[PDB]
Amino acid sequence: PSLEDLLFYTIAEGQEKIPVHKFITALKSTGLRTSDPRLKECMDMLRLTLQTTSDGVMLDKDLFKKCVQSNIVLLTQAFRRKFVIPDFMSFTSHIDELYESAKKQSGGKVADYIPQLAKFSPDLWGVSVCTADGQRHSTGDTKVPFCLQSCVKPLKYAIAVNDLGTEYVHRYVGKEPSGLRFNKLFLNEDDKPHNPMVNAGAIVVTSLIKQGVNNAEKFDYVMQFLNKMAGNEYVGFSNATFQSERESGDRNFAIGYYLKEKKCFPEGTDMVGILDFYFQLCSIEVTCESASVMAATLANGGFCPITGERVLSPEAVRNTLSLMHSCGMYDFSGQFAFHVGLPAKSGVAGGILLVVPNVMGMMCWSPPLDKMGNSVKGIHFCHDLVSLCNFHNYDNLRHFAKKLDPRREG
């Protein structure tokens, strides 16, 4: 009995040889991308043999196993439908239907307050999926870079807890949400900000990351860390946006100085500096696709699904999904956790970084925001998703009414 030869027949169709193309589409339909980091060695040995014998391009039992043995455990789970969503082909057809269903939601205003977002077209709309198993799908403008803005807040929160610990970080920032008209306060009853998803707390989380090092290396570190999360897909920086967020954050200066007077930063902080760090962190660039991996890294206990590398300690990822669930969507967090149940984070550029724990992570992007600050199509999507799929945090996996369960076969 042999792992590679068995798989060779399950694709062989009883035929004596396997065309190369007939393998590459058989792969793409499990949800995997040929470019997958975990797959390169199987792909390099396809790049190899596609010059040696140009008179093929068939694969022996030998030649197949020549390419596939390095990555056979993960190749077999794909082909025996062990992936978390087994029939991935159907599910993306629903992601597409759900996409077009939101793509018609024309209302909302593009953030005007800096020119770099006022220049983005309200017509843009991309949705990118990434499972805890690397199965990927995209619809729309999913390769257009845009800023995280406050989609970075849980990411840097995860970074800080990962390095310093729950208990150190939660001397400096609370861990609840404030109250639907405690929106305007900075500090709770203990003179910490209310949670790391609000600007008072985020500006505080930022002063914890990589202390004793200067602000340009601090940035490189967070760039390094965000890189491991998206498994080395697009992570960028628009100096443009950064300039406008610098000239115009009289509010964050207001918050910052209140925090300084009231003694909430760690001993030896240079407040005005980390306002600059914080402005930088918000002008970090992502695509739909690359962030959906960051999102799937949270969905997977802190292990990147396209690389398998442990990026975040399981304490940081739990902590974060806990605070996305209740402080994640500005004043809509309450109604959002009720009707959707998924930890999410929004951003004024139009981002919505979505986790479905133990299934997949997402990124949805339409620049027009509603009157509370959330992507109009973004919100309309997440509702439609939970509507359709028993992905609500407090659905029941065994008795789930008429909703569809993508983890199940038939």
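Residue indices: 1-based, along the sequence shown.
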item	value
Mean temperature factor over C-alpha atoms, higher-scoring stretch between 244-252 and 219-227	244-252
Selected stretch [higher average CA B-factor]: 163-171 or 132-140	132-140
Selection by C-alpha B-factor (highest) of 366, 35, 346, 358	366
Largest Cα B-factor, entry values, listed residues 153, 318, 119, 325	119
Third assignment of residue 396 from its chain's C-alpha B-factors	middle
Residue 214 CA temperature factor, ranked by third within the chain	middle
CA B-factor ranking of residue 285, expressed as a third of its chain	lowest
Within-chain third of residue 88 by Cα B-factor, per the entry	middle
Residue 182 CA temperature factor, ranked by third within the chain	highest
